[PDB]
Amino acid sequence: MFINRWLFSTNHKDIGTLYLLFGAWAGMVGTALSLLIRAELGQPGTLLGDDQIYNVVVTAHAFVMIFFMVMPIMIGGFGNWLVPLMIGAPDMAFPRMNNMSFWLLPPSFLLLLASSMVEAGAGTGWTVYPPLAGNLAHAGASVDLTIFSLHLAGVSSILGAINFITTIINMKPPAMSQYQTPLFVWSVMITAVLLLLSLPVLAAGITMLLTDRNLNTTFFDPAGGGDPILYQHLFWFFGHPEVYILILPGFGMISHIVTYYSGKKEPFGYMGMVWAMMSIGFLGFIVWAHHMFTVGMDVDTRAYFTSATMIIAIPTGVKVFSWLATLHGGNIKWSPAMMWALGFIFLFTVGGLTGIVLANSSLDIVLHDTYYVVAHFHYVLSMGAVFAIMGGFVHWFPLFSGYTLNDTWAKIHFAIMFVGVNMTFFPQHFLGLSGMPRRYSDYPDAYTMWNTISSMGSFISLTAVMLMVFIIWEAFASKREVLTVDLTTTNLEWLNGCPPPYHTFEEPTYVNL
Amino acid sequence: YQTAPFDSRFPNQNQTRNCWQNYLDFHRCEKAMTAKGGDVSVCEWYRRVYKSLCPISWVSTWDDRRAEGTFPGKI
Amino acid sequence: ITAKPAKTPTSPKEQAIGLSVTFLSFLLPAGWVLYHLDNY
Amino acid sequence: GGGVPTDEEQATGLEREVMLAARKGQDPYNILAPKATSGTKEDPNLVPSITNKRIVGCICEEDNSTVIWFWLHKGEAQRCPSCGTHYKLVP
Amino acid sequence: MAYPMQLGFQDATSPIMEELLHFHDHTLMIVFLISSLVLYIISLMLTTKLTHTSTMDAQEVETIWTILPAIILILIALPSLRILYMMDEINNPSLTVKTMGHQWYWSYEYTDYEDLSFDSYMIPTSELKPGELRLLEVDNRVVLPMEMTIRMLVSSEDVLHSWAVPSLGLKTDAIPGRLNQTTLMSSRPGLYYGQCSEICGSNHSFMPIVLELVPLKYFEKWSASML
Amino acid sequence: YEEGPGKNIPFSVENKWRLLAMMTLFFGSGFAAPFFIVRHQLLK
Amino acid sequence: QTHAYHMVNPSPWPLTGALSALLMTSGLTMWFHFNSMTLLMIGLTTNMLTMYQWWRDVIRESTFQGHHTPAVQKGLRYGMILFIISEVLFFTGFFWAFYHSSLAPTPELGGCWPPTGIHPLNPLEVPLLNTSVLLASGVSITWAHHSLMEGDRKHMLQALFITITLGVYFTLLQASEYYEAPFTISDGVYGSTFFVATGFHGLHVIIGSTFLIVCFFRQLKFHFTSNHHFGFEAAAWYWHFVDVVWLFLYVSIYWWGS
Amino acid sequence: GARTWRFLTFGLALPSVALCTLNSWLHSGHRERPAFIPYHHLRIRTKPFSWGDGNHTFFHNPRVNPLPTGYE
Amino acid sequence: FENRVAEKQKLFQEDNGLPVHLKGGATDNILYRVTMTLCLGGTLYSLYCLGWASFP
Ligand code: HEA
Ligand code: HEA
Ligand SMILES: CCCCC/C=C\C/C=C/C/C=C\C/C=C\CCCC(=O)O[C@H](COC(=O)CCCCCCCCCCCCCCCCC)COP(=O)(O)OCCN
Ligand SMILES: CCCCCC/C=C\CCCCCCCCCC(=O)O[C@H](COC(=O)CCCCCCCCCCCCCCC)COP(=O)(O)OC[C@@H](O)CO
Ligand SMILES: CCCCCC/C=C\CCCCCCCCCC(=O)O[C@H](COC(=O)CCCCCCCCCCCCCCC)COP(=O)(O)OC[C@@H](O)CO
Ligand SMILES: CCCCCCCCCCO[C@@H]1O[C@H](CO)[C@@H](O[C@H]2O[C@H](CO)[C@@H](O)[C@H](O)[C@H]2O)[C@H](O)[C@H]1O
Ligand SMILES: CCCCCCCCCCO[C@@H]1O[C@H](CO)[C@@H](O[C@H]2O[C@H](CO)[C@@H](O)[C@H](O)[C@H]2O)[C@H](O)[C@H]1O
Ligand SMILES: CCCCCCCCCCO[C@@H]1O[C@H](CO)[C@@H](O[C@H]2O[C@H](CO)[C@@H](O)[C@H](O)[C@H]2O)[C@H](O)[C@H]1O
Ligand SMILES: C[C@H](CCC(=O)O)[C@H]1CC[C@H]2[C@@H]3[C@H](O)C[C@@H]4C[C@H](O)CC[C@]4(C)[C@H]3C[C@H](O)[C@]12C
Ligand code: CUA
Ligand SMILES: [Ca+2]
Ligand SMILES: [Zn+2]
């Protein structure tokens, strides 16, 4: 029975649970990598080694946080648990293929940990640029194991995207139009379209890198008439959509959390929220070369990418203002989830605005490949994507488990993490403006004060992560069973109880025209 | 002559083809002059410009390949 | 939300044990590695 | 020039049940959206169920994006808590 | 170079870096104002017991929410693109210098007249002279004439590097098989430092750039002495 | 299959001390792994 | 249940497929770096076993058990369209690589396309024949589709046999052209773009031909009705995709790139 | 109809294949191999191939595919 | 050939509680056991190969 249920699952809830467990474990690996980074940077001079072991750690940190923590939690975990419940569907369209999306991830992760154990690791950056990632400067198996890790993660997500799009289009109640689905459902549909279009281009690019490394192709090798810059275009054609894939499900969760803890039946400006997410998804495909402002492209190309990138602020601002307008007049419940969501709105806005600074190619000359970029993306990832994950986790934990968290412990957790992430990343703006480069194991002495404070921040965040484990233990240890949940009339995922039965919507919902 | 002037054919950050074109033009000119028994001095401008712009290792590799018979450009 | 009282209450002492074991499970193995860095 | 089976000859299981019910104008597997009545206490929306409760979603006005969800129980008609529209379970 | 507890950009050494400081000031005012307004509005939405929970009409307010950001973006883009096209303008350099990135050092080629080239390596920490800067000094500095338009051409003979000097507003990637151009003009004599700005393996942290800006007559004599 | 709180998971919550051991091993192994990988790289 | 959707029996094939992916990738690593094909041959074997049993079970669920209601069939239609879109974007990356290299040929190539020392195939010889073969196969598969809708077993089988024969002819012609080609995958970016783009296309022709052969044997076994035959529709859509990719390769690489 | 698509299969599509088969047939037969020139952008070897002696491409044809050192 | 689909419909609808991957009978169990044995054994071999490749 255990094998049938947990290795042979065709159940969206159990598969969601497997993704959440996987993502939680991946988060601990990513946190340990982040602490090794900050342990090295927290004092001038070399602690670990030369830049190779340091950049193996940096590279692994990014791949783990992105591919093994954020995507599996948001899409595999919250998506599998919530999407079918929010549309009244009895499962996913392809419930057996769903299981293979999950089981491809442990092998993908094993290939990444193999990459770090063999030879000297893949010290490439998560971008894996050639020629450093090629067979001369990174001879041996490490980069090939990294490429194969990404192939398995990519197939996982492509099949997951096919599953989500089909489920959301095809398995709603017949009276329910797309304009009567909850915003989280829209956020997953749009994320899935981005995955479907972007990951195959990554797959093509890393396959070319594999053949350059092993079959004597020269896509990226000037000796054969190749171009390292071609790899960058193919990578970033995926990579910019990838960051929208990381945030969009977060935007969907924030819309549900702000609505719920405002005591509202509905988010402000539903159709504007739908418009905003589709506009962000679309614009996310036409901006990739803002990652390449220093490579030597033509001025008119730089002018276009500056302008197109800045345009994303308009739909994004509609979402931020619509969240504020959802709070407006609310009966505010100061739940731990609400605290995560309010932290998100502010800290995501700050990171989005430093992105607008970077979109300016003239200023990006000085900021590119500095800690200013690192500050930007950690505000949107470590304070945006992560805050949406923590808000959704504490909000929906009672649905998934049938047990309550200790709200006082959860508020303590939030307070510690808020201090730690801000202490970690705020000073990195100063390091960037003053010229500290990325991917350095060591820095000139002038940069010591801000690196010291940043590292102290990272230790506060570690304390928060350890406390979160304890808080989940205390909930399962105490077994406070859920009795009543407010606002079920506008939150269908709660209406089958906590936890919902294995099979829900065996008899579908009745919705007339 | 101080350095290679701005060339409207090559106005952008990527100056690869500017180096290449001047290297080709010098060697095509040198071949055309040495053939009639004319004067390679007429080719000097192309020589100064490619020497200014071209990495030493590119010139050295291209010279080696012309001597080997493996230079892939038309001279 | 409303909920039942805990079926298996976790006393302050039990919470101190859980919190202590959780923190040590993160800190001791990393601590051992970082203490021995000079030896590696 | 024949030899290909028809659905009438060869459809089986749930596919066949759906096919045969549709010929009869019946919808046991909930493929179609039901049409609303006036929704008064005298003319309630009739909600079929194979058990003694079913979830209703009420789209109170045309083009509302917000659906209102609630369990409808066997017994006296219940009202949508947003628009007051009457629903009655027919198990 | 950067100094302890520095908050902003290195002081500008070139007119374009000056332009970038004023453009950053303009942009940062906007970033501050928008961040502050969002934080304030959050605090305003959360500090009243008064409620209004019925459906709210969105279309009027969405006009403000789209038009005002669109105007702000134009007010950033106009000076942004003025600077972008100013750096791209034709200038007429007096001198061309090439730099080639390697694992892990820079070579420099001054071949307008003579075959002058040399390698520039970081001074190891154990060999610093009193008062010298850890990880920033090199054995052979890039001597250049002050107050003159210089064409810098950048490439690599191995992996990617990137040639940066923050106080002049410079960062040009070093790509094998590619010759990237930028212009350098220092308003002042002195020593101007930068660091490799593309991950390039074991000693990425340890291949810095030091420009030495001096009068033309001194540059000419140094050039002759380096042959 | 078992339904309800504590039954829709692949781990037992029947005993909070056994669960603490399992959670310790689970999250502790993930957090430890990078330290042991770095040790492994340094010892070559 | 009183919905029309398919609750699938708990299945081992997702796990066996995921492990086959680990064995194929670790196997390619072992082949490229440790001079051994053992893991790779285990992974290919487990991948083929997994595909066989998974798709066998889909036939059991549909033809034998009747789980493919119209709602389920509509889901599968969306699934196959979305899969084809993902494969189009995969090929787009290779076309991008091709245009990037060919539109701006570097000095190493002689600053020309085709590069110095490359003698392209004549696009009017076997590549034109290959074009006529795949276009003809798009006509014959359409005949097969109409025969099936009209209830004509013999003409469906004849048209599908012709379609498969043409797919095999294309594959044998391409194999012969690979052997005869005076340039190789190691002949710079010309050989790189040529063999990787046409090689992934050739793999898709083999996959599509295999799918058509599965449809042929299912038809021989009377699985398809005149109205219910999604496997055949999916194979036909995939086959048209393979045709269209070929036409883009022919115009881009063989003709415009010559 | 099926009748129309069969008419197109036998009346247009297969005749086209037969004509192009004739055309390829007529232009077949080995064309002379070009002088070997050891161009540095061709016969790339950055890593030995994982089969044979490491120096032969997968569908190596001795008649028309020289090694880095020339024809066999 | 003859249409034997009805005979397969009877076999695969038999009320015997078998999951669809085993409902064909004893051959299904054999092919499942071969598949899972090659998968789990190959996975253990892939881990041995990592152990080996992790050291010079
Ligand atoms: C999601 C993405 C993500 C996240 C969250 C983080 C989080 C952190 N990162 Fe970063 N990081 C990147 C993605 C991320 N990072 C990327 C892409 C790079 C660039 C790589 C390269 O240059 O190639 C990078 C680079 C990078 C650098 C620059 C290195 C260099 O240039 O040399 C530094 C430096 O301090 C850093 C530190 C940290 C720290 C201290 C955290 C901390 O804030 C982490 C604290 C811990 C958490 C936030 C919790 C994690 C766990 C969960 C959320 C699971 C929860 C459990 C349940 C829900 C059950 N990271
Ligand atoms: C969740 C992840 C995520 C998200 C959502 C974003 C969002 C944005 N990013 Fe970022 N970015 C990263 C993750 C993310 N990014 C990562 C990982 C990298 C580094 C990759 C690497 O090199 O490893 C990076 C790098 C990166 C660069 C390259 C810099 C360089 O390497 O030199 C640029 C350039 O333009 C960019 C810009 C933006 C912009 C304009 C947005 C916009 O979408 C932000 C829009 C939001 C707002 C503007 C805030 C809200 C709006 C309002 C309140 C309205 C009013 C506002 C105005 C009028 C301005 N980012
Ligand atoms: C008739 C057409 C059918 C093709 C089938 C032939 C060969 C095996 C399989 C091919 C699969 C397709 C593409 C893979 C890449 C390269 C092969 C390209 C096609 C080919 O066969 O190219 C040959 C080289 O093969 C080589 O290197 C052989 C290399 C063999 C090892 C392949 C390595 C596979 C790479 C991994 C693929 C990753 C897939 C990613 C999936 C996406 C996940 C997100 C050309 O022969 P040549 O002697 O150089 O020149 C001819 C001279 N007379
Ligand atoms: C270097 C080497 C790396 C390679 C790693 C390879 C990765 C994994 C190994 C793959 C093993 C595949 C085994 C077969 C999977 C068949 C999936 C399938 O066919 O899934 C179908 C759904 O997807 C559909 O239709 C439409 C979609 C079908 C997709 C099928 C297989 C995709 C495999 C690779 C795709 C990558 C795409 C490449 C482009 C980027 C069926 O859905 P189920 O939930 O099963 O059933 C639902 C029931 O109602 C059916 O009665
Ligand atoms: C040397 C080469 C080795 C590489 C491995 C891949 C090789 C070969 C794979 C060939 C693909 C065979 C697919 C066979 C699918 C059989 C199942 C099937 O066709 O199932 C049909 C459903 O479709 C469905 O699931 C649709 C299922 C579609 C999936 C196919 C997608 C193609 C697979 C791509 C795999 C990898 C490609 C990526 C490479 C980069 C069943 O419904 P019907 O037909 O309506 O029948 C019901 C009626 O009888 C009722 O009256
Ligand atoms: C970034 C994440 C980590 C942050 C820092 C973690 C804080 C460290 C927790 C304590 O870790 C321990 O420290 C001991 C020393 O205090 C070590 O004992 C070492 O030193 C002892 C005292 O000298 C000896 O008795 C032991 O044999 C010897 O291993 C012990 O191994 C180690 O587990
Ligand atoms: C069903 C489960 C039980 C069965 C387990 C499978 C047993 C297979 C073990 C054989 O191992 C092989 O040994 C060959 C030589 O001993 C290798 O050829 C290698 O060596 C050859 C010549 O020595 C070269 O020509 C090849 O290129 C090269 O890959 C080959 O790679 C490798 O697979
Ligand atoms: C159901 C369980 C799954 C089955 C698992 C089977 C694992 C056992 C395989 C045997 O292992 C082999 O040993 C050979 C040693 O003889 C290696 O030969 C290879 O390595 C040799 C080293 O001597 C070289 O001669 C050649 O490259 C080559 O023959 C080969 O790589 C390796 O596979
Ligand atoms: C005799 C048999 C009848 C099939 C049936 O109705 O059961 C016929 C009908 C269609 C025939 C097939 C088609 O005529 C197409 C092919 C014609 C070739 O000449 C022989 C193989 C070939 C693949 C045929 C094999 C076999 O004779 C089939 C399958
Ligand atoms: Cu050179 Cu980094
Ligand atoms: Ca240090
Ligand atoms: Zn209503």
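Computation of the quantities below employed the complete heavy-atom set of this structure, encompassing side-chain atoms and omitting hydrogens, waters and symmetry-equivalent molecules. The chains referred to below are lettered A, B, ... by the order of the sequence lines, with proteins before strands, and numbering in each begins at 1.
- Scanning all heavy atoms of the two residues, the minimum distance from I1(C) to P398(A) falls at CD1-CB, 3.9 Å.
- Between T31(A) and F26(C), the closest side-chain pair of non-hydrogen atoms is not below 4.5 Å.
- Rounding to the nearest 0.5 Å places OG1 of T8(C) at 12.0 Å from CZ of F476(A).
- Between chain C and the residues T404(A), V482(A), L487(A), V485(A), the largest count of heavy-atom pairs under 4.5 Å involves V482(A).
- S478(A) and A6(C) get closest at one heavy-atom pair: O-CB, 3.2 Å.
- Side-chain atoms of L19(C) and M466(A), non-hydrogen and from C-beta on, never get closer than 4.5 Å to each other.
- Other residues, nucleotides and ligands contribute at most 12 non-hydrogen atoms within 6.0 Å of the NZ atom of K333(A).
- Top candidate by heavy-atom pairs under 4.5 Å with chain A, chosen from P5(C), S25(C), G18(C), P9(C), is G18(C).
- One finds the CD atom of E14(C) at 6.5 Å from the CH2 atom of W473(A) (value rounded to the nearest 0.5 Å).
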Would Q15(C) and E474(A) satisfy side chain to side chain contact (heavy atoms under 4.5 Å, CB included), going step by step from the backbone distance to the final call? CA-CA 7 Å; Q15(C) 290 191 40; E474(A) 186 281 332; 4.1 Å; yes
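- Atoms CD1 and OG1, from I471(A) and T22(C) in turn, are 10.0 Å apart once rounded to the nearest 0.5 Å.
- Looking at every heavy atom in both residues, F23(C) comes nearest to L467(A) through CE1-N, 3.8 Å.
- Under the 4.5 Å side-chain criterion, counting only non-hydrogen atoms from C-beta, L37(C) is in contact with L47(A).
- Proximity to chain A (any heavy atom under 4.5 Å) is shown, for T10(C), by both the backbone and the side chain.
- Atoms CG and CG, from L34(C) and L36(A) in turn, are 6.5 Å apart once rounded to the nearest 0.5 Å.
- Annotation: side chain of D486(A) is not in contact with side chain of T2(C) (no heavy-atom distance under 4.5 Å).
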